[PDB]
Every structure is written in C-alpha cells, then in structure tokens.
Amino acid sequence: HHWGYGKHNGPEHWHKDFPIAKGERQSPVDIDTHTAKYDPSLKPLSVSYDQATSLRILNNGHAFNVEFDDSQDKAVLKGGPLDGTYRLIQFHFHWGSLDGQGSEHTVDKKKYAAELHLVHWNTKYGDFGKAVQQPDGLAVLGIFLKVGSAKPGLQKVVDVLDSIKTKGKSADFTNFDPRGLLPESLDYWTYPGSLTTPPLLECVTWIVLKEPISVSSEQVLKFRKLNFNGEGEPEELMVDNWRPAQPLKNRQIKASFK
Ligand SMILES: O=C(O)/C=C/c1ccc(Cl)cc1Cl
Ligand code: NA
Ligand SMILES: [Zn+2]
C-alpha cells in the first residue's frame with residue numbers, strides 16, 4: 001500500500017484500500033464540549049511511566065516514532081475508561097504547515113498546531129499485533145500542542161530530528177522520559193474510535209487530554225524540516241500529516257471533568 005497525505009494518496013483515497021475508513025467508529029472526531037457529558041463513573045486515570053524504557057526514534061515516512069521496550073510492564077496506562085493494563089509501545093506526532101492546523105482531533109472545531117499520540121496496547125492480548133485486532137486492544141493518549149513557551153521535555157526529541165531527516169532513518173533514543181511531554185492536568189475526554197492512519201482499525205479507546213501543552217515556534221519549525229521522502233529522493237517536507245475529523249455516528253464522548 002502507498003498511502004500518504006497528498007492530493008493523490010491522502011485521506012480521501014484511503015477507503016479504496018481500507019474500506020473501514022468509512023466505518024462506524026472512525027477517528028479523529030470533533031469534540032463538541034457542549035454535548036460531551038461528564039461521566040461520574042470514570043475511575044481516576046493512572047499514567048505510570050517511571051520505568052519507561054525508550055529505545056529508538058524512526059522516520060517511517062508518515063511521522064516519526066519514538067519506540068519503547070514493551071516486553072514487560074514498564075510504562076503503562078490504567079484507570080479512566082480502561083479495564084486492565086495497557087503497555088506503552090510508542091509515541092508520535094501529527095502537525096501542520098501553519099500554526100492554526102495540525103491536530104487530528106478538534107475541540108469545538110478548533111485545530112491545534114499539532115497532536116501527540118502515546119500508543120498503548122492491552123496486555124491481555126499478549127502482543128501488539130493481536131491487540132490491534134480487538135475492539136478494546138489499544139488506548140491512545142492524545143495531547144494537543146499549541147505554540148507558546150518551549151516544552152523542555154520535548155527538546156531532546158527536537159535535538160535528534162536532524163539525524164532522522166528522511167524516510168527509513170533511525171537513531172538511538174534511549175533514556176527518554178515521556179513524563180516530560182504531559183500537561184499539568186489529566187482531565188480528559190474519551191470515546192471509542194480507530195487508528196487515524198491505515199489500516200484504520202477500530203481498536204482504540206481514545207483518551208484526549210483537555211489541557212494542551214505549549215511548544216515553542218522553533219520546536220515546531222524543526223518538525224516541519226523533516227522529510228516524507230527517502231534519502232536521495234526529491235525533497236517533500238513532512239507537514240500536514242493529519243487526518244481530518246470523521247463522522248461521530250453512533251458514539252458519545254464522555255468527559256472526566258465537570
Ligand atoms: O496513531 C496513529 O496515528 C497511527 C497509529 C498506528 C498506525 C498503524 C498501525 Cl499498524 C498501528 C498504529 Cl498504533
Ligand atoms: Na495474551
Ligand atoms: Zn497518531
């Protein structure tokens with residue numbers, strides 16, 4: 001498959017190879033704050049990242065992934081809407097060419113400059129490939145980025161991007177603490193959805209944080225210097241690698257906060 005974000009291979013084309021693109025629980029969605037309902041049954045969200053073990057950062061031609069050792073429970077997400085234990089496997093971002101676009105989820109139709117996805121899988125299914133075949137296989141923690149003050153916890157990521165400029169390049173990325181990417185508040189919205197890239201599988205419990213993090217202009221500018229293309233190929237800047245909001249259909253978005 002040769003999907004991407006251009007006119008000829010972008011989100012409007014994906015359904016031809018991945019018909020679930022037009023399915024009943026696709027992501028992202030617009031979060032209407034005036035219709036999302038507070039759910040008092042939601043348990044506390046538990047982000048347990050103290051023993052996180054990062055390994056590598058990779059430009060995969062769509063975004064860049066920071067990968068983690070998920071062979072044991074070392075960085076997990078629990079609580080909230082979740083039952084059981086979800087292991088952190090990787091995180092990545094989606095971002096824009098302009099500061100007013102880049103996020104996948106929107107809030108009352110507002111776009112943010114970027115969106116962070118921390119991807120976790122349900123350990124009851126044994127490995128990630130099995131988990132993505134289950135309706136409760138994944139939990140993705142989504143965090144909005146707005147342009148303002150620099151995010152110190154993001155700078156080590158920014159610092160290494162020159163070493164993975166093109167598709168297929170990877171670099172060591174051990175001893176990175178993903179706790180430095182979180183906002184102060186863990187207030188969230190949650191709804192059942194999908195992967196936002198092919199194969200678009202409907203296996204995700206989305207947990208989208210209310211509070212955006214701030215990153216600096218220079219930090220997001222360095223995201224935009226990455227390339228979709230491989231080394232030696234014509235340069236295509238890696239920007240606007242986001243899917244737009246999809247129909248909510250038969251779903252309710254719940255809020256953890258009043
Ligand atoms: O978070 C995203 O934007 C896409 C994630 C993703 C895309 C493809 C596969 Cl096979 C698995 C995952 Cl977690
Ligand atoms: Na299992
Ligand atoms: Zn993503």
# chains A, B, ... in the order shown; residues from 1 in each chain; ligands from 1
call {"tool": "residues_around", "arguments": {"residues": "region 169-183 of chain A", "least_positions_apart": "5", "cutoff": "7 Å", "atoms": "only C-alpha atoms", "output": "PyMOL selection string"}}
result
chain A and resi 49+52-59+153-154+163-164+211-213
call {"tool": "residues_near_ligand", "arguments": {"ligand": "ligand 2", "cutoff": "12 Å", "atoms": "only C-alpha atoms and all ligand atoms", "output": "short mmCIF file (atom, residue, chain, number, x, y, z; two decimals) with N, CA, C and O atoms, in the first residue's frame"}}
result
data_model
loop_
_atom_site.label_atom_id
_atom_site.label_comp_id
_atom_site.auth_asym_id
_atom_site.auth_seq_id
_atom_site.Cartn_x
_atom_site.Cartn_y
_atom_site.Cartn_z
N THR A 85 -4.64 -3.37 31.85
CA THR A 85 -3.35 -2.70 31.80
C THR A 85 -2.92 -2.52 30.36
O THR A 85 -2.92 -3.48 29.59
N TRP A 121 -1.03 -0.74 24.33
CA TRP A 121 -1.84 -1.90 23.98
C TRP A 121 -2.19 -2.76 25.18
O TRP A 121 -1.44 -2.85 26.16
N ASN A 122 -3.35 -3.39 25.10
CA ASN A 122 -3.94 -4.16 26.18
C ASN A 122 -3.18 -5.47 26.39
O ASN A 122 -3.16 -6.34 25.50
N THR A 123 -2.56 -5.64 27.55
CA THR A 123 -1.67 -6.78 27.75
C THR A 123 -2.40 -8.12 27.76
O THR A 123 -1.75 -9.15 27.61
N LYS A 124 -3.72 -8.13 27.93
CA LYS A 124 -4.43 -9.40 27.91
C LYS A 124 -4.36 -10.07 26.54
O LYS A 124 -4.63 -11.27 26.44
N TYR A 125 -3.97 -9.32 25.51
CA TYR A 125 -3.89 -9.90 24.17
C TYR A 125 -2.47 -10.31 23.77
O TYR A 125 -2.25 -10.75 22.64
N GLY A 126 -1.52 -10.18 24.69
CA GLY A 126 -0.23 -10.84 24.53
C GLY A 126 0.82 -10.13 23.68
O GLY A 126 1.98 -10.11 24.04
N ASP A 127 0.41 -9.61 22.53
CA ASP A 127 1.31 -8.77 21.75
C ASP A 127 0.51 -7.73 20.98
O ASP A 127 -0.72 -7.83 20.85
N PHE A 128 1.21 -6.71 20.50
CA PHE A 128 0.58 -5.59 19.81
C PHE A 128 -0.22 -6.00 18.58
O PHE A 128 -1.32 -5.48 18.35
N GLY A 129 0.33 -6.90 17.76
CA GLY A 129 -0.38 -7.33 16.57
C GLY A 129 -1.71 -8.01 16.86
O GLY A 129 -2.65 -7.91 16.08
N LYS A 130 -1.79 -8.74 17.97
CA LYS A 130 -3.06 -9.33 18.38
C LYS A 130 -4.00 -8.25 18.89
O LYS A 130 -5.18 -8.25 18.58
N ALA A 131 -3.46 -7.31 19.67
CA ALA A 131 -4.27 -6.27 20.27
C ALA A 131 -5.00 -5.42 19.23
O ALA A 131 -6.16 -5.05 19.43
N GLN A 134 -8.59 -6.24 18.13
CA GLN A 134 -9.62 -6.29 19.17
C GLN A 134 -10.23 -4.93 19.38
O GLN A 134 -9.51 -3.93 19.32
N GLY A 137 -8.38 -3.20 22.08
CA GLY A 137 -6.98 -3.57 22.01
C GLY A 137 -6.01 -2.46 22.35
O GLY A 137 -4.94 -2.74 22.89
#
call {"tool": "residues_near_ligand", "arguments": {"ligand": "ligand 3", "cutoff": "12 Å", "atoms": "only C-alpha atoms and all ligand atoms", "output": "ChimeraX atom specification"}}
result
/A:27-28,62-66,90-95,102-105,114-120,139-144,194-198,200,204,206,208,241-244
call {"tool": "closest_residue", "arguments": {"among": "A:237, A:82, A:220, A:76", "to": "residue 99 (chain A)", "atoms": "only C-alpha atoms"}}
result
A:220
call {"tool": "closest_residue", "arguments": {"among": "A:34, A:78, A:225, A:87", "to": "residue 51 (chain A)", "atoms": "only C-alpha atoms"}}
result
A:87
call {"tool": "atom_distance", "arguments": {"atom1": "CA of residue 258 (chain A)", "atom2": "CA of residue 47 (chain A)"}}
result
20.8 Å
call {"tool": "residues_around", "arguments": {"residues": "residue 228 (chain A)", "least_positions_apart": "5", "cutoff": "9 Å", "atoms": "only C-alpha atoms", "output": "ChimeraX atom specification"}}
result
/A:4,59-63,165-167,235-239
call {"tool": "write_last_selection", "arguments": {"atoms": "N, CA, C and O atoms", "output": "tab-separated table (two decimals), in the first residue's frame"}}
result
chain	number	residue	atom	x	y	z
A	4	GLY	N	-0.59	8.21	1.85
A	4	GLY	CA	0.09	9.34	2.45
A	4	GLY	C	-0.88	10.46	2.73
A	4	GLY	O	-2.03	10.19	3.12
A	59	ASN	N	12.08	7.70	11.49
A	59	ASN	CA	11.25	8.37	10.48
A	59	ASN	C	10.65	7.28	9.60
A	59	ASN	O	11.39	6.61	8.88
A	60	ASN	N	9.34	7.08	9.65
A	60	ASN	CA	8.73	6.00	8.87
A	60	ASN	C	8.08	6.50	7.58
A	60	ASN	O	7.34	5.76	6.92
A	61	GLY	N	8.36	7.75	7.22
A	61	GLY	CA	7.79	8.31	6.01
A	61	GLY	C	6.40	8.92	6.18
A	61	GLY	O	5.88	9.51	5.23
A	62	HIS	N	5.81	8.81	7.38
A	62	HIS	CA	4.49	9.38	7.67
A	62	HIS	C	4.59	10.31	8.85
A	62	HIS	O	3.90	11.32	8.90
A	63	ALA	N	5.40	9.94	9.83
A	63	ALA	CA	5.70	10.74	11.01
A	63	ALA	C	7.03	10.22	11.55
A	63	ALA	O	7.73	9.47	10.85
A	165	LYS	N	16.23	12.69	9.19
A	165	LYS	CA	15.54	13.61	8.30
A	165	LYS	C	14.64	12.91	7.30
A	165	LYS	O	13.57	13.40	6.97
A	166	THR	N	15.07	11.76	6.82
A	166	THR	CA	14.40	11.10	5.72
A	166	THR	C	13.85	9.74	6.09
A	166	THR	O	14.28	9.11	7.06
A	167	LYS	N	12.88	9.30	5.28
A	167	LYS	CA	12.19	8.03	5.46
A	167	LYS	C	13.14	6.85	5.60
A	167	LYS	O	14.03	6.66	4.75
A	235	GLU	N	12.96	16.26	-2.36
A	235	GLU	CA	12.55	16.62	-1.01
A	235	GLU	C	11.07	16.96	-0.94
A	235	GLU	O	10.58	17.83	-1.67
A	236	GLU	N	10.37	16.30	-0.03
A	236	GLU	CA	8.98	16.59	0.27
A	236	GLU	C	8.88	16.83	1.76
A	236	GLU	O	9.05	15.90	2.55
A	237	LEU	N	8.60	18.07	2.17
A	237	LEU	CA	8.59	18.36	3.60
A	237	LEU	C	7.48	17.60	4.30
A	237	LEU	O	6.34	17.55	3.83
A	238	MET	N	7.82	17.02	5.45
A	238	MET	CA	6.85	16.32	6.28
A	238	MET	C	6.04	17.33	7.07
A	238	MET	O	6.46	17.77	8.14
A	239	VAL	N	4.91	17.74	6.49
A	239	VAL	CA	3.98	18.66	7.12
A	239	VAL	C	2.57	18.22	6.77
A	239	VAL	O	2.35	17.55	5.75
call {"tool": "select_by_dssp", "arguments": {"residues": "region 137-198 of chain A", "states": "strand (DSSP E or B)", "output": "list in words"}}
result
residues 138, 139, 140, 141, 142, 143, 144, 145, 146, 147, 170, 171, 172, 188, 189, 190, 191, 192 and 193 of chain A
call {"tool": "atom_distance", "arguments": {"atom1": "atom 11 (C, counted along the ligand's line) of ligand 1", "atom2": "CA of residue 251 (chain A)"}}
result
22.1 Å
call {"tool": "closest_residue", "arguments": {"among": "A:248, A:113, A:77, A:161", "to": "residue 193 (chain A)", "atoms": "only C-alpha atoms"}}
result
A:248
call {"tool": "closest_residue", "arguments": {"among": "A:112, A:38, A:191, A:3", "to": "ligand 1", "atoms": "only C-alpha atoms and all ligand atoms"}}
result
A:3
call {"tool": "atom_distance", "arguments": {"atom1": "CA of residue 214 (chain A)", "atom2": "CA of residue 152 (chain A)"}}
result
9.9 Å
call {"tool": "select_by_dssp", "arguments": {"residues": "region 43-255 of chain A", "states": "helix (DSSP H, G or I)", "output": "PyMOL selection string"}}
result
chain A and resi 123-125+128-131+152-164+178-181+217-223
call {"tool": "write_last_selection", "arguments": {"atoms": "N, CA and C atoms", "output": "mmCIF file, in the first residue's frame"}}
result
data_model
loop_
_atom_site.group_PDB
_atom_site.id
_atom_site.type_symbol
_atom_site.label_atom_id
_atom_site.label_comp_id
_atom_site.auth_asym_id
_atom_site.auth_seq_id
_atom_site.Cartn_x
_atom_site.Cartn_y
_atom_site.Cartn_z
ATOM 1 N N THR A 123 -2.563 -5.639 27.551
ATOM 2 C CA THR A 123 -1.673 -6.775 27.745
ATOM 3 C C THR A 123 -2.396 -8.118 27.762
ATOM 4 N N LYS A 124 -3.721 -8.127 27.935
ATOM 5 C CA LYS A 124 -4.435 -9.398 27.914
ATOM 6 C C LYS A 124 -4.362 -10.070 26.545
ATOM 7 N N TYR A 125 -3.973 -9.323 25.505
ATOM 8 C CA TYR A 125 -3.887 -9.903 24.167
ATOM 9 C C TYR A 125 -2.470 -10.314 23.771
ATOM 10 N N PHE A 128 1.206 -6.710 20.496
ATOM 11 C CA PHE A 128 0.577 -5.587 19.813
ATOM 12 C C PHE A 128 -0.217 -5.998 18.578
ATOM 13 N N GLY A 129 0.328 -6.899 17.764
ATOM 14 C CA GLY A 129 -0.376 -7.330 16.565
ATOM 15 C C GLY A 129 -1.707 -8.008 16.864
ATOM 16 N N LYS A 130 -1.786 -8.741 17.973
ATOM 17 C CA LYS A 130 -3.059 -9.334 18.382
ATOM 18 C C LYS A 130 -3.995 -8.249 18.894
ATOM 19 N N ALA A 131 -3.459 -7.311 19.673
ATOM 20 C CA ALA A 131 -4.273 -6.269 20.269
ATOM 21 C C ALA A 131 -4.996 -5.423 19.226
ATOM 22 N N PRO A 152 10.311 21.899 27.681
ATOM 23 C CA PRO A 152 11.665 21.383 27.916
ATOM 24 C C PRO A 152 11.745 19.891 27.645
ATOM 25 N N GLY A 153 10.686 19.173 28.002
ATOM 26 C CA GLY A 153 10.648 17.733 27.843
ATOM 27 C C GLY A 153 10.623 17.264 26.402
ATOM 28 N N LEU A 154 10.320 18.178 25.483
ATOM 29 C CA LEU A 154 10.282 17.876 24.057
ATOM 30 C C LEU A 154 11.628 18.122 23.377
ATOM 31 N N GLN A 155 12.494 18.905 24.009
ATOM 32 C CA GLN A 155 13.694 19.376 23.325
ATOM 33 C C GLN A 155 14.644 18.241 22.912
ATOM 34 N N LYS A 156 14.760 17.176 23.709
ATOM 35 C CA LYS A 156 15.646 16.073 23.331
ATOM 36 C C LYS A 156 15.160 15.412 22.044
ATOM 37 N N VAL A 157 13.843 15.402 21.835
ATOM 38 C CA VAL A 157 13.287 14.878 20.593
ATOM 39 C C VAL A 157 13.684 15.775 19.427
ATOM 40 N N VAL A 158 13.407 17.063 19.584
ATOM 41 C CA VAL A 158 13.766 18.071 18.596
ATOM 42 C C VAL A 158 15.250 17.984 18.222
ATOM 43 N N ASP A 159 16.087 17.813 19.243
ATOM 44 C CA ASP A 159 17.548 17.798 19.098
ATOM 45 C C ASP A 159 18.052 16.707 18.153
ATOM 46 N N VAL A 160 17.292 15.625 18.024
ATOM 47 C CA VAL A 160 17.744 14.451 17.286
ATOM 48 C C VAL A 160 17.138 14.367 15.877
ATOM 49 N N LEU A 161 16.192 15.250 15.560
ATOM 50 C CA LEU A 161 15.481 15.154 14.282
ATOM 51 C C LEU A 161 16.377 15.307 13.056
ATOM 52 N N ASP A 162 17.458 16.073 13.173
ATOM 53 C CA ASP A 162 18.399 16.227 12.065
ATOM 54 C C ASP A 162 19.048 14.899 11.691
ATOM 55 N N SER A 163 19.001 13.934 12.604
ATOM 56 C CA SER A 163 19.627 12.638 12.348
ATOM 57 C C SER A 163 18.665 11.617 11.735
ATOM 58 N N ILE A 164 17.384 11.973 11.667
ATOM 59 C CA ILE A 164 16.394 11.108 11.021
ATOM 60 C C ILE A 164 15.558 11.893 10.007
ATOM 61 N N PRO A 178 9.085 10.008 28.910
ATOM 62 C CA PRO A 178 7.887 10.577 28.281
ATOM 63 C C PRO A 178 7.005 11.392 29.252
ATOM 64 N N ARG A 179 7.274 11.320 30.552
ATOM 65 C CA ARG A 179 6.541 12.150 31.506
ATOM 66 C C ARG A 179 6.727 13.635 31.229
ATOM 67 N N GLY A 180 7.840 14.004 30.599
ATOM 68 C CA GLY A 180 8.100 15.395 30.271
ATOM 69 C C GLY A 180 7.237 15.960 29.152
ATOM 70 N N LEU A 181 6.390 15.130 28.554
ATOM 71 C CA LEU A 181 5.505 15.581 27.481
ATOM 72 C C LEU A 181 4.087 15.888 27.942
ATOM 73 N N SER A 217 7.877 28.092 18.885
ATOM 74 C CA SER A 217 7.895 28.215 17.435
ATOM 75 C C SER A 217 9.062 27.461 16.829
ATOM 76 N N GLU A 218 10.213 27.550 17.487
ATOM 77 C CA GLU A 218 11.407 26.890 16.981
ATOM 78 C C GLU A 218 11.263 25.376 17.053
ATOM 79 N N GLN A 219 10.583 24.874 18.076
ATOM 80 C CA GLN A 219 10.389 23.440 18.185
ATOM 81 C C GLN A 219 9.498 22.916 17.052
ATOM 82 N N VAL A 220 8.401 23.611 16.765
ATOM 83 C CA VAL A 220 7.522 23.069 15.738
ATOM 84 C C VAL A 220 8.158 23.300 14.360
ATOM 85 N N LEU A 221 8.931 24.374 14.203
ATOM 86 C CA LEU A 221 9.620 24.622 12.943
ATOM 87 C C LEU A 221 10.560 23.473 12.596
ATOM 88 N N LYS A 222 11.179 22.883 13.614
ATOM 89 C CA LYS A 222 12.069 21.758 13.377
ATOM 90 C C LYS A 222 11.305 20.479 12.999
ATOM 91 N N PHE A 223 10.093 20.272 13.521
ATOM 92 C CA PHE A 223 9.217 19.207 12.999
ATOM 93 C C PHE A 223 9.034 19.346 11.477
#
